Amino acid sequence: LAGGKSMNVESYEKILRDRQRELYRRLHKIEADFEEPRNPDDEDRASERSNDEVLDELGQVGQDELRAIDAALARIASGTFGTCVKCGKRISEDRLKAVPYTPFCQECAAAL
Ligand SMILES: [Zn+2]
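Everything in the sequence shown is counted per PDB author numbering, starting at 1 for the first residue and increasing by one.
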């Protein structure tokens with residue numbers, strides 16, 4: 001999909017990472033004693049998504065949300081972010097500003 005213009009992917013790319021990591025440490029409470037008072041203090045703990053396991057102690061809402069974020073980030077890596085996989089067609093910019101972690105258009109999201 002040649003579509004560089006419209007819907008600024010960079011904004012969505014970073015907010016997807018922000019969303020997945022806060023939800024990651026939320027369900028990684030078992031393996032992460034560190035939650036911090038507010039800020040991370042330092043720059044960044046680059047050890048994220050390094051656990052290639054299912055684990056039932058992870059919240060299913062978080063796992064599913066992170067799967068949707070992972071699919072969205074994978075579309076960015078593929079260069080076809082802003083494409084409903086369930087249509088093979090373009091996504092609304094309003095869809096992605098509200099929820100960038102949907103591989104489905106609002107038509108499909110309401111049809112789920
Ligand atoms: Zn769709």
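Just so it is clear, CB atoms sit at the ideal spot from N, CA and C, and this is done for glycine as well.
Look at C108 here: in three-state DSSP terms it is helix. Judged by their CB atoms, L73 and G82 are not nearer to each other than the 8 Å cut-off. DSSP, read as helix, strand or coil, puts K5 in coil.
With respect to the C-alpha of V61, the residue from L1, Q106, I91 and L27 having the closest C-alpha is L27. Looking only at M7, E53, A71 and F34, the smallest Cα-Cα distance to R45 is reached by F34.
A Cβ-Cβ distance of about 14 Å is found for the pair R25 and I69, leaving them out of contact under the 8 Å criterion. For the pair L1 and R21, the Cα-to-Cα distance works out to about 29 Å.
By the beta-carbon neighbour count (other beta carbons within 10 angstroms, threshold 16), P40 is exposed. The closest CA to that of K29, considering only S11, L55 and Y12, is found on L55.
Take the alpha-carbon of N51 and the one of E31: they are about 10 Å apart.
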